[PDB]
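Q: Build me a model from this:
(2 chains, ligands or ions: 6)
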There are 2 protein chains.
Amino acid sequence: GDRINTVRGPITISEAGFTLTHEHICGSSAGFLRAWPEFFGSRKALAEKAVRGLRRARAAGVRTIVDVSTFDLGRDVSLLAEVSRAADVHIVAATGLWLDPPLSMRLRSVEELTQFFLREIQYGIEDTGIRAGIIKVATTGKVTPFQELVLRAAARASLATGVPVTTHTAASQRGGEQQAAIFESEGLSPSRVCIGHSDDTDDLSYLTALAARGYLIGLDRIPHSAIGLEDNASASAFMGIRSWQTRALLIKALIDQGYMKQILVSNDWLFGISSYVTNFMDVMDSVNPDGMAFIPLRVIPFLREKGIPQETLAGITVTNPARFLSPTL
Amino acid sequence: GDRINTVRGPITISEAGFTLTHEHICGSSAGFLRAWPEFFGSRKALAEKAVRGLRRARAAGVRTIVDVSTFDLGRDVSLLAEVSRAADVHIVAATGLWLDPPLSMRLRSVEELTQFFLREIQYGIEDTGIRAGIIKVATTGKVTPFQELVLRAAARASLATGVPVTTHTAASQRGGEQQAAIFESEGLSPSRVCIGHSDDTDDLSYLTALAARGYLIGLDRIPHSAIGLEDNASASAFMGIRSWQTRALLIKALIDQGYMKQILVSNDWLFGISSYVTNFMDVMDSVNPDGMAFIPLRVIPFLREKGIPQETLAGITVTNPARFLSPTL
Ligand SMILES: C[As](C)(=O)[O-]
Ligand SMILES: C[As](C)(=O)[O-]
Ligand SMILES: [Zn+2]
Ligand SMILES: [Zn+2]
Ligand SMILES: [Zn+2]
Ligand SMILES: [Zn+2]
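A: Residues are numbered from 1 along each chain as shown, chains lettered A, B, ... in the order given. Ligands and ions are numbered 1, 2, ... in the order given. Shown next is the structure:
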């Protein structure tokens, strides 16, 4: 499993390089971008903004991003392919389901969901022939019965194809522990799983325990902070009010505890978003003008200043993603 | 002043003919048909089924159907256009929102929803250039805050364009009353509004009181009958336990009250469905083998044999839909 699917086709994992493991071109809903592109100004404006952002990220060293947008997050792979080519940055696309499944998804069995996930990995997404290289799932703190079906379907797709699973958690409710339990009940290896949004909490006991079990730990929202924007309730609700430095110290914390190999770092950024309040993309860009370049431009020097070896940062930003994304049975 | 938009372009009132005013090619979810066409066997198979179904309805006298599938019912106007051309049956497409709006819709303001409905009517659906000729909305009895927004946006779109509004109600909860109040508060003429699924109840005083206020009464679920079987946890809750003759007699009842000009009749049929339990399409087809031809092949002769004159049935199936659909302010 030394080759992975990208929206431009299969690449060898040595080509991935510096990889951001949790990003989005656009945060939306199924069908929404094509039915109402004017919500984003235009489809063209959105594509142009993504190309400019990805190009600047590439200038900073990024060579690959994993777009973890699912069907129900409005994933438009044709858009991902277009901007990947124009920016010349690898984009790995996802299957799976996020927190907004429509009826036609909500009512399906674990067997059906499994077939859908397998379709997008082994056949292609829609009629594009583009194949997902990862499975994205999301749960509330307490996993719902449908969400549990989604996790079991993800595990079975992973076991059949070797592609990894990445999750959305409510880290303040220690959501990963319930996810991990369902995953392991399906015989799935923790090394195939990233428990994401884990920088949303400062509970190191929770993080190290998961890492100790072999789980990848996603510290993937480092630039998200509504500090200075406390009066904006939606900003506080979405990004929290812990500083980005606070988030970044968890990377050091986990290195210091000997878990350098379990860490995955990202921005959780996007170039448009319709799945939150109107104009929110502007609020986010007001806080983090670096966009997806925030990890290489701001976080990497911060960690070096704190004394973390270059070789360590390189293993985290390059080696961990490659071992993670490489289809592994 | 005249033309009605169809998936093949504008048609004149006289071209519409026998019109079924509440139907579906496929009941699904946004993005679903194109992301998982195998759920329906294949897109090709679904299309072939719809064309045969439309051709049979056509041979039974039908010339136009109104597909009231909204964005969130997974309306695929490219499919409607294909099957309309192949069957030579006019199809009117809908805008609006049903009961499963995704997060990118649920967070929107009344102003934004008005823009979306207006773009589907005035500009076109997606990138197809096909314009909606009806606005479809739905409430669940007690109107939720979001649903009230949808209804007001629908009224504002209707008022800007003259295209009519058609609704889904919980008729057993007399839902059409709260809908009418909202519409009227917006300055919408009741003659621009059809209150649908009204045959879901036997409460004629409810129906007559609405008809008296100028509303069109949609008796559009006549074949929906799961009788003889008090043991299906899906078909009984979905289709009810009243005979179709009982539903159809409501047409007679309203005609006798003198309200023939405010009756609209349909099947609420479809050729694929993913927004319920798996294989529910087989259950429906077994219940009503006639599909969309049920109204002309079964209901019309039934009414004729109860004494209803031909010119009255023509008024209902041809004249009432033309007046309803022709954009008017
Ligand atoms: C689509 As998200 C803000 O849960 O990473
Ligand atoms: C798609 As329906 C059963 O609400 O008319
Ligand atoms: Zn997330
Ligand atoms: Zn994300
Ligand atoms: Zn309905
Ligand atoms: Zn319907």
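
Q: okay, CA-based contacts and neighbour counts for the rest of this
A: OK.

Q: Helix, strand or coil: sort out residue A:217 for me.
A: strand (DSSP: H, G, I helix; E, B strand; the rest coil).

Q: For it, give the beta-bridge partners.
A: Beta-bridge partners for residue A:217, by DSSP bridges, are residue A:195, residue A:263.

Q: Dump the one helix or strand residue A:148 maps to to PDB, restricted to CA.
A: If you go by DSSP states H and E, residue A:148 is part of helix A:145-161. Taking C-alpha atoms only, helix A:145-161 is exported to PDB below (Å, rounded to 0.1, in the frame of the first residue of the first chain):
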ATOM      1  CA  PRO A 145     -27.500   4.900  17.100                       C
ATOM      2  CA  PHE A 146     -27.100   6.100  13.500                       C
ATOM      3  CA  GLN A 147     -23.600   7.500  14.200                       C
ATOM      4  CA  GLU A 148     -22.600   4.100  15.600                       C
ATOM      5  CA  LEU A 149     -23.800   2.500  12.300                       C
ATOM      6  CA  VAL A 150     -21.600   5.000  10.500                       C
ATOM      7  CA  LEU A 151     -18.600   4.100  12.600                       C
ATOM      8  CA  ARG A 152     -19.100   0.400  12.100                       C
ATOM      9  CA  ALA A 153     -19.500   1.000   8.300                       C
ATOM     10  CA  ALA A 154     -16.300   3.100   8.300                       C
ATOM     11  CA  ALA A 155     -14.400   0.300  10.100                       C
ATOM     12  CA  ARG A 156     -15.600  -2.300   7.700                       C
ATOM     13  CA  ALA A 157     -14.700  -0.200   4.700                       C
ATOM     14  CA  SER A 158     -11.300   0.500   6.200                       C
ATOM     15  CA  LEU A 159     -10.700  -3.200   6.900                       C
ATOM     16  CA  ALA A 160     -11.600  -4.100   3.300                       C
ATOM     17  CA  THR A 161      -9.500  -1.400   1.600                       C
END
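
Q: hmm, that helix touching chain B?
A: No. On the criterion Cα under 8 Å from any Cα of the partner chain, helix A:145-161 is out of touch with chain B, staying 14.2 Å away.

Q: Counting by contacts, list what that helix packs against.
A: Contacts defined by 3 or more Cα pairs under 8 Å, 6 or more residues apart in numbering or on different chains; DSSP states H and E place helix A:145-161 against strand A:94-97, helix A:110-118, strand A:134-138, strand A:165-168, helix A:175-185.

Q: residue boundaries of the helices in the stretch 201-329 of chain A?
A: A:204-212, A:233-239, A:244-256, A:280-287, A:294, A:300-305, A:310-314, A:320-325 (DSSP state H, counting those that start in this stretch).

Q: In a markdown table: these, plus distance to residue B:28 and mean neighbour count.
A: As requested, the helices of the stretch 201-329 of chain A are exported to a markdown table (distance: least, Cα to Cα, whole Å; neighbours: other Cα atoms under 10 Å in any protein chain shown):
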| stretch | distance to residue B:28 | mean neighbour count |
| --- | --- | --- |
| helix A:204-212 | 39 | 17 |
| helix A:233-239 | 31 | 16 |
| helix A:244-256 | 41 | 19 |
| helix A:280-287 | 30 | 16 |
| helix A:294 | 40 | 19 |
| helix A:300-305 | 46 | 15 |
| helix A:310-314 | 46 | 14 |
| helix A:320-325 | 33 | 23 |
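
Q: Please tabulate the ones you listed in a markdown table, including the columns distance to chain B.
A: Shown next, in a markdown table, are the helices of the stretch 201-329 of chain A (distance: least, Cα to the nearest Cα, whole Å):
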| stretch | distance to chain B |
| --- | --- |
| helix A:204-212 | 30 |
| helix A:233-239 | 12 |
| helix A:244-256 | 27 |
| helix A:280-287 | 12 |
| helix A:294 | 27 |
| helix A:300-305 | 34 |
| helix A:310-314 | 37 |
| helix A:320-325 | 23 |
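
Q: and residue B:21, which of those helices is closest to it?
A: helix A:280-287 (39.9 Å; Cα to Cα).

Q: just how off-centre is that closest one within its chain?
A: 19 Å (Cα atoms, centre = their mean, to the nearest Å).

Q: again, but for stretch A:73-85
A: Worked out by Cα atoms, centre = their mean, stretch A:73-85 lies 15 Å from the chain centre.

Q: a markdown table for the helices and strands packed on helix A:145-161, including distance to residue B:300?
A: As requested, these are exported to a markdown table (distance: least, Cα to Cα, whole Å):
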| stretch | distance to residue B:300 |
| --- | --- |
| strand A:94-97 | 46 |
| helix A:110-118 | 41 |
| strand A:134-138 | 51 |
| strand A:165-168 | 55 |
| helix A:175-185 | 56 |
